[PDB]
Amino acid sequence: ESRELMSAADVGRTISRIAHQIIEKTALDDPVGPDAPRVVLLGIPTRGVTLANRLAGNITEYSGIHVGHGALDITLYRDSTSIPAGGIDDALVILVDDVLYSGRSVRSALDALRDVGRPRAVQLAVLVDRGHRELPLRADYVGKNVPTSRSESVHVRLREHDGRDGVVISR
């Protein structure tokens, strides 16, 4: 059994709001001072990459600033990577995924990240937080908090990846 949690319009509005939170919180709009570092969005393959790419698109549309974005493979970090020109050294890296659950993927991403470089800081953006974290990891940007039973599943859908925008829950 399945049900719609977010419509295509819902996801659009939320992704847009997330993009503006990012702009607000990083001030990427400003002349990048000493204490205001360049932003890089790295998505967790593969739908996380889709989300990071769209966020990058939105931010460019709203601010005129082109933020670097890529992908961070975590296959070899569980108990192809693509980094923008300029790397991540002393940058603000925003890890991006579609769903935050136990948090174990994000920890893998943190591990993977240090084989790449040394960011000034790392943030996390997700479309959905479905709870039941198993590590003290939290998203800095959350599209929607979706309370779930352990037996339920949350399914994020993005146009470029799955054919439609939407979020569905099933049991």
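Each residue number is its position in the shown sequence, starting from 1.
Residues of the deposited sequence that sit between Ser80 and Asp79 yet are not modelled: Gap between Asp79 and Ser80: 10 or more residues without coordinates.
For the C-alpha atoms alone, is the average B factor greater in 35-43 or in 139-147, going by the entry? Comparing 139-147 with 35-43, the higher mean C-alpha B-factor belongs to 35-43.
Mean Cα B-factor comparison, 62-70 or 47-55, giving the higher one as deposited: Taking the mean B-factor of the alpha carbons in each, 62-70 is higher.
Which one of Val99, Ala85, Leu92, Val96 shows the top CA temperature factor in the record? It is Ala85.
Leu158, C-alpha B-factor rank within chain (lowest, middle or highest third): Middle third by C-alpha B-factor.
Comparing against every modelled residue in the chain, figure out the third that the C-alpha B-factor of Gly131 lands in (lowest, middle or highest). It belongs to the middle third of the chain when residues are ordered by C-alpha B-factor.
Tell me, lowest, middle or highest third: where does the Cα B factor of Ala125 rank within its chain? Tercile = lowest for this residue's CA B-factor.
Chain thirds of CA B-factor: placement of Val106: CA B-factor rank for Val106: lowest third.
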